[PDB]
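Residue-level structural notes
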Amino acid sequence: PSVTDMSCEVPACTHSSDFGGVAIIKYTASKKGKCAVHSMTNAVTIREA
Amino acid sequence: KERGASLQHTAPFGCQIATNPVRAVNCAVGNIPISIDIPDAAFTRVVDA
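Residues numbered from 1 in each chain as written, not as in the entry; some residues may be left out. Chains lettered and ligands numbered in written order. Part of a larger assembly, values for the part shown. Heavy atoms only, no water.

As deposited, the entry is annotated with cryo-EM as its determination method and 3.92 Å as its resolution.

Some thoughts on the overall build of chain B
When helices and strands are tallied, chain B shows 1 helix and 2 strands. With the principal axes as the frame, chain B shows a C-alpha extent of 70 × 20 × 15 Å. Classification of the 49 residues of chain B by burial places 2% in the buried group. Within chain B, the 4 negative side-chain charges are centred at a point lying 23 Å from the centre of the 4 positive side-chain charges. (Helix = DSSP H or I, 4+ residues; strand = E, 2+ residues; numbered from the N terminus. Buried < 20%, exposed > 50% of the residue type's maximum accessible area, 1.4 Å probe, protein only. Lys, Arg positive; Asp, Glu negative; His and termini not counted. Charge placed at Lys NZ, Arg CZ, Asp CG, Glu CD.)

Re the state of the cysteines
Applying the stated criterion across every chain, the model contains 1 disulfide over all chains. Sulfur-sulfur distance for the disulfide between B:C15 and B:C27 comes to 2.0 Å. When the S-S torsion is -40°, as for the bridge of B:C15 with B:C27, the disulfide is left-handed. With a gap of 12 residues between them, B:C15 in the loop between α1 (7–10) and β1 (16–17) and B:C27 in the segment after β2 (24–25) connect regions that are remote in the sequence. A relative accessible area of 7% places B:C15 in the buried class. Given a relative accessible area of 37%, B:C27 falls into the partly exposed group. Unpaired in terms of disulfides, A:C13 finds its nearest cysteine sulfur in A:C8, a separation of 10 Å. With relative accessibility at 56%, the residue A:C13 sits in the exposed group. Lacking any disulfide linkage, A:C35 is separated from the closest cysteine sulfur, that of A:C8, by 16 Å. Overall, A:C35 belongs to the exposed group, its relative accessible area being 58%. (Disulfide = S-S within 2.5 Å.)

Some details on the pattern of salt bridges
All names here are of chain B. For the structure on display, the rule yields 2 salt bridges over all chains. Residue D48 pairs with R45 through a salt bridge whose shortest N-O separation is 2.6 Å. Taking relative accessible area as the criterion, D48 reaches 41% and is therefore assigned partly exposed. Exposure remark for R45: the relative accessible area of 57% places this residue in the exposed category. (Salt bridge = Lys/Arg side-chain N within 4 Å of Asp/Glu carboxyl O.)

Here it is in structure tokens:
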């Protein structure tokens, strides 16, 4: 499915050894479906795939 | 016969005085420091709100 109308926000984050950062993203897509997620900067990692 | 005014009237800041035991109560002077250790259970993650 496609994706559009992408907005990002961080209510709070806490640099730590754990997944202390939480980010809420508003998205709009064409249809129901799976989609991969990644961070292209090595300085940050995402638990979810 | 000549006792005079009791301390419950002559006490600055009007600290009410009792007996058995003798205490001075309800006088406003200075301030109080309070330290509260609050378990995280009451705390709610921002996303929840």
